[PDB]
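Structure record follows, encoded as structure tokens.
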Amino acid sequence: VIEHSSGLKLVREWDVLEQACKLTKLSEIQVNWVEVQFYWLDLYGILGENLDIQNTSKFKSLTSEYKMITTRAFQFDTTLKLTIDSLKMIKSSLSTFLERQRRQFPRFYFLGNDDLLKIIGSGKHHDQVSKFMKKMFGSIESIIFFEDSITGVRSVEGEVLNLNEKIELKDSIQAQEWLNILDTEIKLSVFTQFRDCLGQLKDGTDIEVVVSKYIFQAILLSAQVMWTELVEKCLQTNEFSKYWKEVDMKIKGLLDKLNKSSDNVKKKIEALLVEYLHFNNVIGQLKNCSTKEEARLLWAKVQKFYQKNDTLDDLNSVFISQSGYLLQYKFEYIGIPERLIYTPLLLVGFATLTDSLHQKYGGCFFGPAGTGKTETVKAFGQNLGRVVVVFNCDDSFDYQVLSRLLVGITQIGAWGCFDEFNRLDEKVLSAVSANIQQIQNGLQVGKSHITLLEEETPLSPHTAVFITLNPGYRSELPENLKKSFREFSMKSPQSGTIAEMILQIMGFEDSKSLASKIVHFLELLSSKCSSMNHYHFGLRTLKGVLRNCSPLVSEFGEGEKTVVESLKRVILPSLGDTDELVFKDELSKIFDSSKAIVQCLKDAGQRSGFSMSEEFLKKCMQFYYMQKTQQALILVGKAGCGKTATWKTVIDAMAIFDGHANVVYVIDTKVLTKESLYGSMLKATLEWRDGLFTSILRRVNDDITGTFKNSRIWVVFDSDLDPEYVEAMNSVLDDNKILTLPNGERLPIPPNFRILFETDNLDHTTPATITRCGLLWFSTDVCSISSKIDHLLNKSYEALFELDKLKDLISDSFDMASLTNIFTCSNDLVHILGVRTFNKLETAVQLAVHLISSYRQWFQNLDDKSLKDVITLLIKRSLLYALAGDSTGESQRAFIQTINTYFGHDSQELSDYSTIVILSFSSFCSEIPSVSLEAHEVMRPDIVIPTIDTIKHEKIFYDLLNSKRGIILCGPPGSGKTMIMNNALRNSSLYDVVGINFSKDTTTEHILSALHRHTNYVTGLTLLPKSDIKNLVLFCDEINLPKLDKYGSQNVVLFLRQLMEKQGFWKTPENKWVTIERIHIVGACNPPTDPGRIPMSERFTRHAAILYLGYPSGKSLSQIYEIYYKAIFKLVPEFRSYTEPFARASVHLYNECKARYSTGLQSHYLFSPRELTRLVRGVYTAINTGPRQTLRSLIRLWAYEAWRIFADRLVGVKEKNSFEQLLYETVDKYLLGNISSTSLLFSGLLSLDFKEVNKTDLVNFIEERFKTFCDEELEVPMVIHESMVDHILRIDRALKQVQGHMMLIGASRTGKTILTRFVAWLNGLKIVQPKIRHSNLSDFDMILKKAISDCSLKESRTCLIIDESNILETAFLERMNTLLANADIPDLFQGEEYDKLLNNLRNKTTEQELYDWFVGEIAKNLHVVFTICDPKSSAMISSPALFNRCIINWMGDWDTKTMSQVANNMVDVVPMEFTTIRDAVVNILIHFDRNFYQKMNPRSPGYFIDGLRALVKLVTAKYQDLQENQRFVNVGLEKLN
Amino acid sequence: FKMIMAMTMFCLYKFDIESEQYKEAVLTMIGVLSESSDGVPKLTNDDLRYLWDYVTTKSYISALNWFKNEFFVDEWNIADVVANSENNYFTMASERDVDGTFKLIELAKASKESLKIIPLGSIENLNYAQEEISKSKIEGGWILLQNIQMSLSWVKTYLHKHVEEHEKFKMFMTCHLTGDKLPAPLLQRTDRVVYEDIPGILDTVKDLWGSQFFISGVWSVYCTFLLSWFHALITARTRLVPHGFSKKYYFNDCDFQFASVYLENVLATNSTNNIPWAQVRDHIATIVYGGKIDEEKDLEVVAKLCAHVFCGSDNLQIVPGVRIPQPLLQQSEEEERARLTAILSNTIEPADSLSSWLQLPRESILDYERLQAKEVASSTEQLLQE
Ligand SMILES: Nc1ncnc2c1ncn2[C@@H]1O[C@H](COP(=O)(O)OP(=O)(O)OP(=O)(O)O)[C@@H](O)[C@H]1O
Ligand SMILES: Nc1ncnc2c1ncn2[C@@H]1O[C@H](COP(=O)(O)OP(=O)(O)O)[C@@H](O)[C@H]1O
Ligand SMILES: Nc1ncnc2c1ncn2[C@@H]1O[C@H](COP(=O)(O)OP(=O)(O)O)[C@@H](O)[C@H]1O
Ligand SMILES: Nc1ncnc2c1ncn2[C@@H]1O[C@H](COP(=O)(O)OP(=O)(O)O)[C@@H](O)[C@H]1O
């Protein structure tokens, strides 16, 4: 329980009690609780603080319920019933009060309930509406105040309104009444301004002297009305030149004033210039007419403005004439917005909207996008003098907000447009369709009230509804609207005349050539270049270019040079490379064609360690010139293209250039949750969390430190573009520049706050966003290889009289002539998890420099030649392990010969076993140690037998890990990746292991919780390991396992990239930067070609260093396994001289077993030395649990193990005989009795040790066990046969093995689970059955922990049955993979459970010894079963962990022999032979089944057993009835005779 | 599809009652129909000789209706299919360019049954439909729900819940083929029926004249006459899907309403001798009838038709058979309406109206029937392979 700011305490427990209750009283209690907290939120937020909205009956009820909730806070069923009744009552009352408040002022009805509550509660502040008026109206940002009064309102563009008379503000006033008189006076004032402007213009007042006096709308209406009147007067006669010249002179004078204007004056002058250019266009069109009727035609289409000179009312005294239809002006203020350039297509759109609105209908629009539909609707609304409420439709909009805004549009009379109506869900589209149909129904018949939203709302006769569409992307209008709308198509924006007017208004001398050339250029760019998805060369880009031309007009001048410079600045950074050369060619064809910043960038790069190139400098200049204007840039290149250094260099260069402080923050948005980045509302206590982005915005906006007033602040996002991560930022990106938060609070945006997106692909980006922000494309690599090597040398040297000489020697060692040849020759090699040849240079140079640093303490007593040889050999080894590290061993030999070649014969030749020790040569051959383990720990799965390759890989492992670089390990399964990890790190003295295993679903908190037990926080500000001298390293295996997202990425490897590259991150609950000093990360993975694997992004793997881990050589395995056989023959002394040939035979048979098979025939045909290990283990347990063996007995036991391990994944019998002849050949070749499956029948169920028993003895023992089971536990009427005898023998050998698991391949009702439970009873292992749905990982882990604890405490024989129906998801499969590869899964046991288990182990009996004993006991007494019937789990065999110790025994379907056996032994208990015939009936039955199956993959024998049982029961019943009838007939015959 | 089903059934019958030479003759005739094969059949009778004379005369649909008349000996109308119906629910269907209400009204007048026109819509329309179906389930009658596609969800809830019996109780639906997919229970729990209106250009002019009731003098009625004639001409031209227009638009009564209002308001503000024919011409061609048109060629075609119809010269030839004298100075509106009705009834439609009432070359309409013959022949060829 936690209490909020005052009074009531809130409990932190929800939906758990809901699950517990899921009686009626508890449900009522929960409903009352949820409603009391969900309403007490708003009570404390609104009612509990503001006194004006509580100081009549509603206020008294507010006080009473405040007292009641205070009493409830202090310390019942009737009381809570009263509270819920009162809460419903007050909610109805306040909803009705808000509704009638919105009725009093219909413009209030735009807002949400909370904001209107705040406005009403601001009964004395009188300035809370100044921050809401833009949302209230749409074109007024704030209300200016002059001594507790109103004299003006501030337009969004920045215009103040000189009111006719001020308004006093009494104390006992409410917002609604004074806002009523305010907006009515607003309309009156704009009318008064229009009237005096019209009077002045009619008097002959010059335009210039009245430009700087009145608002935009007054001068607009006056100019248009005077234009219309005078053109009508001069149209009644046939003269036009006089008014043409007058308008031309007015335009020229207005442009002359434009040249010498301030900001708002410039906006007014340009909008008036739009209007006057349109007037001159119309007049020039009219003068070009030759006959009067075509003149009347052309004048009829153009918009005409008129005025009532007779009506005394003034709010409707101006009306608009268009094609004989008349629309009445409404005189509502719009400010000074941008005016669309008048074009003939715009006039046609105006005309069709006039026709649609004349007869109580609505207009419509559909066609191409980026074409000018919504802006045309807005321009039409402005020309009629009311602001239209544009609804930018998307998935964000829902039903209630559209209902409210549409009802407000109705009640005001403001037109409600609809941008992109086809972007709505089905049910909301149906609802808004019904509402719009009802609105048009009301408008058509002229009824005063329309019954919508369960009310009777008023309807002004001037409202409208506008819609725009884009069909086929989709849909047209539905029929219910199609009956009451006018469709229209607006496909072609006249881009020639728009460019013409914009170049005229910008002041350029020759608008014609510029407009024609730029339209031609943009169409050629849209046509010729490749159709990348991020290109757009329509009209929006042209408008952006012309808007961006003006600073270059100020700098360079007015002419073609400014236009081409703007084109180079804007479009070019988004192009590719071929697109760039096309663009250059078109610039050359069409058109004719400051070193301080260059010096600043060069100096910043030289000081930062990077080296400048021509194209790198060019792109840096482009980025600087492009960040000059926009506040949101997005960079893009290939993976590792080199953009981070680009923007960091620009940051430091501009820090030198302008002197402002440069403060930058790096964020990875796709690993940070939206809840952590921004915040959310709690379900428990309804609280708000200040997210990281909210925290950084509050920090940079508060400016408490005062640094942000004299600095530039940058936030970069070094990830992809998640669309729902940018729909929360679109407000920041757009010109609103206001933070949108889910709680309700809003945060501003300083102009210095520049946001950067650092990405590599635009795969899932909406093209709308790439238009609102500038895009920069990095097509090619930003470096030469020599430059990258030099910079890496400088960074490595600074990362550390010997230094300069060492630098000179390494510099002359790296000669570019051979380096280019070796890199080009290394490009085409075979690579796994492919990484480009521009990337591995960092690993190469770092490993080489670290070797030189580690051996620098001997070179002072060494000659120049030996020093040069040592340096060259280390360089060669570094280049081998950085370039050839993703290629096979034979490719490694080829690479070592090549690197020996290109450095010449004079240099020190690099050997495969080359090593440098004290200076002189060495060799790794003599470094291998001789270790002789005894037979007590051969079964232990952490033992390592060293070889040449193991010690070589361990040496390069220590080398590269000390070289401060990341390890990711890849290679075919079975190469001992986990084994080499434990060998190279458990024996370490400087590093320690932490174990994490990756499932299909891993969260970032798992690895943090894992490393929490071995790390400490220091100020947190910095994270260090729990130790103090040994650098803790994080080990991850099977790292490819976690799944991708919906946008082609995975968060966990991005988190690891964050850990590796930036050396830090941000903690979620404190939003504070963390730094990591001495923690490395090492990874182990499978190739992506395996099923269930995904290719990792090159962005993450590029920072680490890869290292291929292939299959070991045959001689290496031979040496390891002869050491194995020596250890295993230390037990028996008579055969101690036969160690080597058995190892040679084993490796030989494995070699042809791998060579003779292909994985394309069966999914379980995979080979890796783990089967050879379990071969050795099975031989070990057989020898230890056996009698005094002989040579022949040993050979037949080894062949028995080979058959029971290897030869069990086989389809037919031919390969079984091939295996048998292979065994015969190996036994006769390297050193006879029968070695068939039935001849090798070693068991232990008849004696005290593993030996060969009699067939009759074993079947008699099985029968005795079966009859005892039937008499004791369950009466299951089954029968024995040869195939199931062999299979239960195999599964019993599997169970008697320690930790060696098993799996079965058989159809349904084949007896797999029955056999497993029977052999579990036979071996004494208890069986527990999972009751799997209705359970999950929690119940699974709890039951498994209880069973494991009982087994370890009471020494009970425990095992679990598993069906394929029990397993559902891949998480279970990954859990069993970890359980088989390891024995102690790290994530299960930590914390209280670990403490309880360790205390129990201590009571039963160091911590490491107890953990090892736990591993041993869980290996001894755990054996799970895996059942497959459809050979989701197809890739499970290909996983190394499941294949690590499982036995893949092909149970299969019943064949002819065992079918005959079960049939004859089943029908032998019922008399049927009356007319042998049982053999005939069973063979014709099976022949029928064979024919049927081949007329219409194993055979399911369910039909078999079902038919045999049904036949048996039916024969018995029919024969009993027949016998009764015959006996009755005989009795009747005896009685009658 | 009616013709395709007819031809498949004819092939199924005559491919098993008769020998294989008949089968080969049918195959080669269908191949020539598809313009896929060239070959004279193994001629022997008289019917196949008539077919060969047809296909040498390149009169395809003539031979196709000759198939229909020669093999089939009867046809079914709406009256027969509603006469013998075990069920009581009929879902009438059509396209959006042809109405089906007046045929049902004529049937109701013929059958002396009370038909209620119930166009759906808002909640008021839904309540009206509910009251009407309650009344006709209490005391019988006939119910028409006009254009139920606009309330597909309302249908899918209300009508489905109603269906899941009063004597002489029938009801009728109305849906457009080129609309939204109807649910399966609605399609199969009814007697499906579709009506195809023959393009009677003069007949739809008469129906449009009778539907209206006519106002500024004789010029108003004369302009209404010319506008009605233009609307009929463009509605006939829009039937030719690949030749009259590049796309199948659908003009309806609302467009005529807006054009009529515009003409009335132009003539009201201008009753002078020089009526602005160019202004009304461009306004109709770009805004009234050019609203749904985007391709340049379609605009050019509609502009040509407007320039031919609304020229307003001394004498006008809407079709090469008849002429329209304009009303003179001393004329009254009632006798003018009578005179225009007389000049409508004086008109006799020639058989080549589809290539002479719409100003199209005859090669174009032969190409259109060639395309329709090719597509039906290809459909038959694909269907006969199974
Ligand atoms: N002038 C230069 N000379 C040498 N090396 C340079 C130069 N400029 C950039 N580089 C190199 O370019 C690289 C820049 O890294 P980059 O921008 O690709 O990182 P990133 O944002 O993590 O990449 P990605 O998004 O592809 O994962 C660095 O390795 C740096 O050494
Ligand atoms: N006078 C004008 N005529 C036509 N289009 C214009 C004019 N002025 C601006 N535009 C462009 O028209 C665009 C409007 O596009 P819009 O129709 O809203 O696309 P969508 O409907 O797909 O959102 C604006 O981005 C603007 O650049
Ligand atoms: N060079 C080697 N020396 C000793 N044992 C090896 C060697 N290579 C493979 N093995 C054996 O093969 C197995 C390798 O398992 P491993 O590949 O680590 O499984 P996973 O990849 O699933 O962790 C080990 O049981 C080990 O006994
Ligand atoms: N050889 C058999 N004869 C008769 N019934 C059998 C035989 N094998 C299995 N069954 C029946 O199948 C049922 C369970 O089969 P199940 O264990 O699911 O087979 P599997 O493990 O191969 O899927 C048992 O109740 C048993 O009666």
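Letters A, B, ... mark the chains of the structure tokens in the order given; residue numbers begin at 1 per chain; ligand numbers begin at 1, in order shown.
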
At most 9 Å to chain A: residues in chain B, only C-alpha atoms, as a count of residues only = 29

Got a sec: who's within 10 Å of residue 1433 of chain A, counting only C-alpha atoms, leaving out chain neighbours fewer than 2 positions off, as a list in words?
->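 Contacts, with the query itself left out: residues 1092, 1364, 1370, 1373, 1428, 1430, 1431, 1435, 1436, 1437, 1438 and 1439 of chain A.
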
Length of the atom CA of residue 806 of chain A to atom CA of residue 991 of chain A vector [Å] | 29.4 Å

Produce as a VMD selection string the set of residues near ligand 1, where near means within 7 Å with only C-alpha atoms and all ligand atoms considered.
-> chain A and resid 605 610 to 613 637 to 646 718 to 719 758 to 760 782 to 783 787 to 792 1099 to 1100

Selection above as a file: C-alpha atoms, as an mmCIF file, in the first residue's frame:
data_model
loop_
_atom_site.group_PDB
_atom_site.id
_atom_site.type_symbol
_atom_site.label_atom_id
_atom_site.label_comp_id
_atom_site.auth_asym_id
_atom_site.auth_seq_id
_atom_site.Cartn_x
_atom_site.Cartn_y
_atom_site.Cartn_z
ATOM 1 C CA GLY A 605 38.818 15.798 -37.607
ATOM 2 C CA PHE A 610 39.915 10.773 -37.994
ATOM 3 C CA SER A 611 41.433 11.545 -41.396
ATOM 4 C CA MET A 612 39.538 13.618 -43.938
ATOM 5 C CA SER A 613 38.873 12.462 -47.483
ATOM 6 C CA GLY A 637 23.984 4.289 -44.624
ATOM 7 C CA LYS A 638 24.916 0.625 -44.816
ATOM 8 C CA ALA A 639 25.839 -1.351 -41.696
ATOM 9 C CA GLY A 640 29.051 0.289 -40.530
ATOM 10 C CA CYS A 641 28.965 2.935 -43.244
ATOM 11 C CA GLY A 642 30.565 5.494 -40.935
ATOM 12 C CA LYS A 643 27.963 8.059 -39.860
ATOM 13 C CA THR A 644 28.558 8.339 -36.100
ATOM 14 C CA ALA A 645 32.007 9.802 -36.658
ATOM 15 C CA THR A 646 30.500 12.133 -39.261
ATOM 16 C CA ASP A 718 21.088 4.856 -33.067
ATOM 17 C CA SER A 719 18.567 2.230 -34.142
ATOM 18 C CA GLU A 758 20.833 7.196 -36.811
ATOM 19 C CA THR A 759 19.613 4.306 -38.951
ATOM 20 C CA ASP A 760 20.715 1.922 -41.686
ATOM 21 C CA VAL A 782 33.183 7.083 -45.827
ATOM 22 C CA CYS A 783 36.839 6.073 -45.567
ATOM 23 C CA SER A 787 42.779 6.224 -43.414
ATOM 24 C CA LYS A 788 40.831 3.807 -41.212
ATOM 25 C CA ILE A 789 44.024 1.933 -40.338
ATOM 26 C CA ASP A 790 45.807 5.183 -39.445
ATOM 27 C CA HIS A 791 42.954 6.402 -37.240
ATOM 28 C CA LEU A 792 42.768 3.030 -35.515
ATOM 29 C CA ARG A 1099 25.249 -3.583 -37.041
ATOM 30 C CA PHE A 1100 25.813 -5.602 -33.868
#

Distance query segment 330-334 of chain A at most 9 Å, only C-alpha atoms, self and fewer than 4 positions along chain excluded, as a list in words | residues 138, 139, 140, 155, 183, 186, 187, 188, 190, 191, 216, 217, 315, 316, 317, 318, 319, 382, 384, 385, 386 and 387 of chain A

Per DSSP on the backbone, what are the alpha helix (DSSP H) residues of segment 80-282 of chain B, as number ranges by chain?
-> B: 80-83, 101-111, 123-138, 152-163, 184-188, 201-211, 217-237, 253-269, 277-282

Could you name the residues that touch residue 372 of chain B at 10 Å or less, counting only C-alpha atoms, but leaving out those on the same chain fewer than 3 positions away, as JSON, numbers by chain?
-> {"B": [34, 60, 61, 242, 366, 367, 368, 369, 375, 376, 377, 378]}

Quick one: pick out all strand (DSSP E or B) residues within segment 502-658 of chain A from a backbone DSSP run and write them as a count of residues only.
-> 6

Which residues sit within 6 Å of ligand 2, counting only C-alpha atoms and all ligand atoms, listed as a list in words?
-> residues 340, 341, 342, 369, 370, 371, 372, 373, 374, 375, 419, 493, 539, 540 and 543 of chain A

How about saving the chosen residues, N, CA, C and O atoms kept, as an mmCIF file, in the first residue's frame?
data_model
loop_
_atom_site.group_PDB
_atom_site.id
_atom_site.type_symbol
_atom_site.label_atom_id
_atom_site.label_comp_id
_atom_site.auth_asym_id
_atom_site.auth_seq_id
_atom_site.Cartn_x
_atom_site.Cartn_y
_atom_site.Cartn_z
ATOM 1 N N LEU A 340 -2.849 29.501 -50.897
ATOM 2 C CA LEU A 340 -2.570 28.640 -52.035
ATOM 3 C C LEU A 340 -2.562 29.456 -53.315
ATOM 4 O O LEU A 340 -3.376 30.363 -53.495
ATOM 5 N N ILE A 341 -1.630 29.132 -54.206
ATOM 6 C CA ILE A 341 -1.533 29.843 -55.472
ATOM 7 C C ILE A 341 -2.751 29.523 -56.323
ATOM 8 O O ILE A 341 -3.113 28.354 -56.506
ATOM 9 N N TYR A 342 -3.401 30.561 -56.835
ATOM 10 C CA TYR A 342 -4.604 30.374 -57.630
ATOM 11 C C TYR A 342 -4.241 29.797 -58.990
ATOM 12 O O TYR A 342 -3.450 30.387 -59.733
ATOM 13 N N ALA A 369 -2.493 10.735 -54.083
ATOM 14 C CA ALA A 369 -2.075 11.437 -52.881
ATOM 15 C C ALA A 369 -0.914 12.375 -53.196
ATOM 16 O O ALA A 369 -0.220 12.224 -54.204
ATOM 17 N N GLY A 370 -0.700 13.346 -52.310
ATOM 18 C CA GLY A 370 0.275 14.390 -52.568
ATOM 19 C C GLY A 370 -0.132 15.245 -53.748
ATOM 20 O O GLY A 370 0.671 15.525 -54.642
ATOM 21 N N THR A 371 -1.398 15.660 -53.753
ATOM 22 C CA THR A 371 -2.023 16.240 -54.927
ATOM 23 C C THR A 371 -2.755 17.546 -54.641
ATOM 24 O O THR A 371 -3.077 18.274 -55.585
ATOM 25 N N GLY A 372 -3.005 17.884 -53.381
ATOM 26 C CA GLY A 372 -3.651 19.144 -53.081
ATOM 27 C C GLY A 372 -5.148 19.056 -52.888
ATOM 28 O O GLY A 372 -5.905 19.790 -53.527
ATOM 29 N N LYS A 373 -5.591 18.155 -52.013
ATOM 30 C CA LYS A 373 -7.006 18.026 -51.688
ATOM 31 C C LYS A 373 -7.353 18.728 -50.378
ATOM 32 O O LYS A 373 -8.190 19.638 -50.356
ATOM 33 N N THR A 374 -6.711 18.321 -49.281
ATOM 34 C CA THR A 374 -7.011 18.916 -47.983
ATOM 35 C C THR A 374 -6.610 20.384 -47.947
ATOM 36 O O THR A 374 -7.309 21.211 -47.349
ATOM 37 N N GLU A 375 -5.503 20.732 -48.598
ATOM 38 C CA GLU A 375 -5.122 22.136 -48.663
ATOM 39 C C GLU A 375 -6.092 22.939 -49.513
ATOM 40 O O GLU A 375 -6.338 24.110 -49.218
ATOM 41 N N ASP A 419 -9.596 14.341 -43.948
ATOM 42 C CA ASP A 419 -8.433 13.964 -44.733
ATOM 43 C C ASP A 419 -8.213 12.463 -44.625
ATOM 44 O O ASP A 419 -8.126 11.922 -43.518
ATOM 45 N N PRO A 493 -2.194 18.584 -60.138
ATOM 46 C CA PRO A 493 -1.841 19.928 -59.660
ATOM 47 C C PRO A 493 -1.033 20.647 -60.727
ATOM 48 O O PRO A 493 -0.024 20.127 -61.208
ATOM 49 N N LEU A 539 5.219 17.706 -55.713
ATOM 50 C CA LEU A 539 5.090 19.131 -55.453
ATOM 51 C C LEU A 539 5.509 19.535 -54.051
ATOM 52 O O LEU A 539 5.961 20.668 -53.864
ATOM 53 N N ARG A 540 5.370 18.644 -53.067
ATOM 54 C CA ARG A 540 5.753 18.971 -51.698
ATOM 55 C C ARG A 540 7.242 19.273 -51.598
ATOM 56 O O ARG A 540 7.647 20.239 -50.941
ATOM 57 N N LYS A 543 7.913 22.689 -53.118
ATOM 58 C CA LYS A 543 7.548 23.754 -52.190
ATOM 59 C C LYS A 543 8.578 23.888 -51.078
ATOM 60 O O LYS A 543 8.928 25.005 -50.682
#

Which neighbours of residue 411 of chain A fall inside 10 Å, counting only C-alpha atoms, when residues of the same chain fewer than 5 positions from it are skipped, and could you give them as a list in words?
->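 Here the qualifying residues turn out to be residues 103, 105, 106, 107, 109, 405, 406, 449, 457, 458, 459, 460, 461, 462 and 463 of chain A.
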